[PDB]
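> Below is the structure I would like to discuss, written out as structure tokens.
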Amino acid sequence: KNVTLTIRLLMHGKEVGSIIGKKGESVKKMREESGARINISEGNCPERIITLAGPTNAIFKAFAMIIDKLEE
Amino acid sequence: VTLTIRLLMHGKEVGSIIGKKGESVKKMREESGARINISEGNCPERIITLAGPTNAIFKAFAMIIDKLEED
DNA sequence: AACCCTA
DNA sequence: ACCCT
């Protein structure tokens with residue numbers, strides 16, 4: 001199949017700070033490049049939820065960008 | 001460098017990822033090269049932890065996506 | 001350490 | 001489909 005998906009990641013606050021970036025410049029790149037709908041749960045909480053939604057090519061791009069950021 | 005990623009998955013999807021007798025997750029652990037843990041019990045949302053080099057985590061994640069897209 | 005977002 | 005650190 002080629003159905004749209006919704007993938008949710010449970011992330012530590014520190015990691016989320018890196019994904020968002022100063023002024024949200026990192027997640028802006030992820031949204032503009034991946035084609036995924038990306039939602040990051042509200043508040044600088046110890047644990048946060050990142051939602052990725054779209055077809056597999058978009059999910060793969062966003063997930064790749066997230067793990068690449070975290071590897072930094 | 002090694003990362004740990006946690007996916008939040010509904011029980012229905014976890015059943016598919018595990019597979020009958022754990023056959024599916026077994027295959028994922030063997031060829032992905034990642035450590036894969038699926039949370040115990042029956043919470044509406046389960047946690048699938050993927051651990052190892054980013055390449056192994058990505059491979060495991062790809063196998064999961066493939067499973068969700070089956071048939 | 002970063003706080004964004006078809007609100 | 002319920003695996004197994």
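Chain labels A, B, ... are given in the sequence in which chains occur in the structure tokens; within each chain residues are numbered consecutively from 1, and ligands are likewise numbered from 1 in the order shown.
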Excluding residue 2 in chain B and residues on its chain fewer than 2 positions from it, collect all residues at most 7 Å away from it, counting only C-alpha atoms (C1' of nucleotides), and give them as a compact mmCIF listing (two decimals) with C-alpha atoms, in the first residue's frame.


# COMPACT_ATOMS: atom_id res chain seq x y z
CA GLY B 52 22.16 1.78 18.08
CA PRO B 53 24.02 3.57 15.28
CA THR B 54 21.80 5.95 13.29

> Tell me the residues of chain B close to chain A, meaning within 12 Å using only C-alpha atoms, as a VMD selection string.

chain B and resid 1 to 10 13 45 to 71

> Pull out every residue of chain C sitting within 7 Å of chain A, counting only C-alpha atoms (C1' of nucleotides), and send them as a compact mmCIF listing (two decimals) with N, CA and C atoms (P, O5', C5', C4', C3', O3' and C1' of nucleotides), in the first residue's frame.


# COMPACT_ATOMS: atom_id res chain seq x y z
P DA C 2 16.07 26.06 25.81
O5' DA C 2 16.35 26.74 24.39
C5' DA C 2 16.58 28.14 24.18
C4' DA C 2 16.66 28.38 22.68
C3' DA C 2 15.41 27.93 21.91
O3' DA C 2 15.11 28.84 20.85
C1' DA C 2 17.26 26.69 21.15
P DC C 3 14.13 30.06 21.10
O5' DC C 3 12.68 29.38 20.99
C5' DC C 3 12.16 29.02 19.73
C4' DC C 3 10.76 28.42 19.90
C3' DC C 3 9.81 29.13 20.86
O3' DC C 3 8.47 28.99 20.37
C1' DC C 3 10.17 26.97 21.63
P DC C 4 7.74 30.15 19.56
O5' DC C 4 7.67 29.62 18.05
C5' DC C 4 8.66 29.91 17.05
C4' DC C 4 8.72 28.74 16.07
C3' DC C 4 7.37 28.35 15.50
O3' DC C 4 7.14 29.11 14.33
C1' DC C 4 8.48 26.41 16.28
P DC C 5 5.68 29.60 13.92
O5' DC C 5 4.91 28.23 13.65
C5' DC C 5 5.13 27.33 12.57
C4' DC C 5 4.37 26.02 12.82
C3' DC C 5 2.86 26.04 12.61
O3' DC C 5 2.48 24.75 12.10
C1' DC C 5 3.32 25.39 14.83

> Can you work out the spacing between CA of residue 52 in chain A and CA of residue 33 in chain A in Å, to one decimal?

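Separation between CA of residue 52 in chain A and CA of residue 33 in chain A: 13.2 Å.
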
> Taking the chain letters and numbering used in this document, name the residues of chain A that DSSP puts in alpha helix (DSSP H), as a PyMOL selection string.

chain A and resi 13-20+25-34+56-71

> Write a file of the just-selected residues containing N, CA and C atoms, as a short mmCIF file (atom, residue, chain, number, x, y, z; two decimals), in the first residue's frame.


data_model
loop_
_atom_site.label_atom_id
_atom_site.label_comp_id
_atom_site.auth_asym_id
_atom_site.auth_seq_id
_atom_site.Cartn_x
_atom_site.Cartn_y
_atom_site.Cartn_z
N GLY A 13 13.13 16.70 26.44
CA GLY A 13 13.13 18.15 26.21
C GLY A 13 14.38 18.74 25.56
N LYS A 14 15.56 18.35 26.04
CA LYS A 14 16.84 18.78 25.45
C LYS A 14 16.93 18.49 23.94
N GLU A 15 16.55 17.28 23.56
CA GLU A 15 16.52 16.87 22.15
C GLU A 15 15.54 17.75 21.37
N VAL A 16 14.40 18.06 21.98
CA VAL A 16 13.40 18.86 21.28
C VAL A 16 13.92 20.29 21.03
N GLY A 17 14.58 20.86 22.03
CA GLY A 17 15.25 22.15 21.85
C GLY A 17 16.15 22.20 20.62
N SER A 18 16.91 21.11 20.39
CA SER A 18 17.79 20.99 19.23
C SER A 18 16.99 20.88 17.92
N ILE A 19 15.93 20.08 17.94
CA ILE A 19 15.11 19.91 16.75
C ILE A 19 14.45 21.22 16.33
N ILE A 20 13.93 21.97 17.31
CA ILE A 20 13.27 23.24 16.99
C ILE A 20 14.33 24.26 16.48
N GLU A 25 14.32 27.85 13.65
CA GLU A 25 14.93 27.72 12.31
C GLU A 25 15.21 26.27 11.86
N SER A 26 15.46 25.36 12.80
CA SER A 26 15.70 23.97 12.43
C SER A 26 14.42 23.25 11.99
N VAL A 27 13.36 23.37 12.78
CA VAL A 27 12.11 22.67 12.43
C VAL A 27 11.46 23.30 11.19
N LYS A 28 11.69 24.60 11.01
CA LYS A 28 11.25 25.28 9.77
C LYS A 28 11.87 24.59 8.54
N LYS A 29 13.17 24.29 8.61
CA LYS A 29 13.87 23.58 7.54
C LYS A 29 13.21 22.21 7.33
N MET A 30 12.94 21.52 8.43
CA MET A 30 12.35 20.18 8.35
C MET A 30 10.96 20.24 7.69
N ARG A 31 10.14 21.20 8.08
CA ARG A 31 8.81 21.37 7.49
C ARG A 31 8.94 21.73 6.00
N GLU A 32 9.82 22.67 5.68
CA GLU A 32 9.96 23.11 4.26
C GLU A 32 10.58 22.08 3.32
N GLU A 33 11.39 21.17 3.87
CA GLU A 33 12.08 20.18 3.03
C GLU A 33 11.42 18.82 2.99
N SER A 34 10.86 18.37 4.11
CA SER A 34 10.31 17.01 4.21
C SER A 34 8.94 16.80 3.54
N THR A 56 4.88 7.99 3.00
CA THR A 56 6.14 7.44 3.48
C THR A 56 7.36 8.28 3.09
N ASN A 57 7.41 8.81 1.87
CA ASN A 57 8.58 9.64 1.49
C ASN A 57 8.78 10.85 2.40
N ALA A 58 7.67 11.45 2.85
CA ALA A 58 7.71 12.59 3.76
C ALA A 58 8.11 12.18 5.18
N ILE A 59 7.56 11.06 5.66
CA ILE A 59 7.90 10.53 6.99
C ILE A 59 9.39 10.17 7.03
N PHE A 60 9.88 9.50 5.99
CA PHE A 60 11.28 9.10 5.94
C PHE A 60 12.20 10.32 5.97
N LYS A 61 11.84 11.36 5.20
CA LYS A 61 12.67 12.59 5.16
C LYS A 61 12.72 13.28 6.52
N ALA A 62 11.56 13.43 7.16
CA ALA A 62 11.50 14.11 8.45
C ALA A 62 12.25 13.29 9.50
N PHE A 63 12.03 11.97 9.51
CA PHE A 63 12.68 11.13 10.50
C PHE A 63 14.20 11.19 10.31
N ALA A 64 14.66 11.07 9.06
CA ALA A 64 16.09 11.22 8.74
C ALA A 64 16.67 12.55 9.27
N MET A 65 15.94 13.64 9.07
CA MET A 65 16.39 14.96 9.49
C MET A 65 16.47 15.08 11.01
N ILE A 66 15.52 14.45 11.68
CA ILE A 66 15.52 14.41 13.13
C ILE A 66 16.72 13.64 13.66
N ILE A 67 16.95 12.43 13.14
CA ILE A 67 18.05 11.64 13.67
C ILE A 67 19.40 12.28 13.33
N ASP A 68 19.51 12.92 12.17
CA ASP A 68 20.71 13.67 11.80
C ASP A 68 20.98 14.85 12.73
N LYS A 69 19.93 15.60 13.06
CA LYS A 69 20.06 16.66 14.06
C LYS A 69 20.55 16.13 15.41
N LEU A 70 19.99 15.00 15.85
CA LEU A 70 20.32 14.45 17.16
C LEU A 70 21.76 13.94 17.22
N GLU A 71 22.26 13.51 16.06
CA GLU A 71 23.62 13.01 15.90
C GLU A 71 24.64 14.16 16.00
#

> Kindly provide, as a PyMOL selection string, the residues of chain D having any atom no farther than 7 Å from an atom of chain B, counting only C-alpha atoms (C1' of nucleotides).

chain D and resi 1-3
